[PDB]
Structures are given as C-alpha cells and as structure tokens.
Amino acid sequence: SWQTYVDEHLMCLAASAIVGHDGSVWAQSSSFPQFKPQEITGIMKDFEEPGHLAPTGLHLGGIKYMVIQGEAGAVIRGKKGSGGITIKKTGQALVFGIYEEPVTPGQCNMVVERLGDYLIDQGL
C-alpha cells in the first residue's frame, strides 16, 4: 500500500513529510501533523533570510520551536523540550522531520538529509 511504502521510506515517536513549496503534501508519515499554509510561508521566508524565524520561533502544526543553528538557505533546525524539528529545502519541496526522545536529533537529521538527497538527485 502507499502508506506502508511511505512509512518505511520516511521517518516513522517521530514523523516526517515531503511538502511542496506551494504547501501541498507529497508524502507524510502516519503521525505527521496537519499544518497551516502561513506556516509554510514563514518557513520559505527563513530559507531566503536566515534568522528570520529566530525572534518569533518556528511554528508547525501550531507547535512552537526555538530556532537553532541550521544551514543557511538550506536547513532549518528547531528545538522543543526533548525533541525538535529539521526542515531541508530542495528544488521543489521541503523535507520535514519531527522527533521526540528517545529519537535523537541525529537520527532525524539523517532521515531528512537522505530524503533531500534523493529528491535533489531526481531534480526536485
């Protein structure tokens, strides 16, 4: 099934998703939150303007994260409690990874990187 394909190729407590720059879901794991378009817009702006989201924090699914060091124009990183969020920009899409202990930041960061690696390799 599509969902078993997605769940085993994405990060699946942790969740992950591939979202177009226009905000449409290309694939999301079973527990990935619904999000708001304005949330995607501010994320797209932080990729243009590093530090943009830092004074207000990063919001996804209404959840507030503290912005930390990412990769300018390419990766956003956020922390909350014992978990956090990683967002990688590709040519056409955004890869999201959300994690909570005992999932580690490094586990999430690497699933996101691998997804972006695949998408960019496909020209997306």
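Numbers for residues come from their place in the sequence shown, where the first is 1.
Gap between residue 12 and residue 13: 4 to 9 deposited residues without coordinates.
Look at the mean CA B-factor for 44 to 52 and for 66 to 74 in the entry; the higher one is 44 to 52. Higher average CA B factor: 33 to 41, of the stretches 33 to 41 and 83 to 91.
Per-chain ranking of the deposited C-alpha B factor places residue 107 in the highest third.
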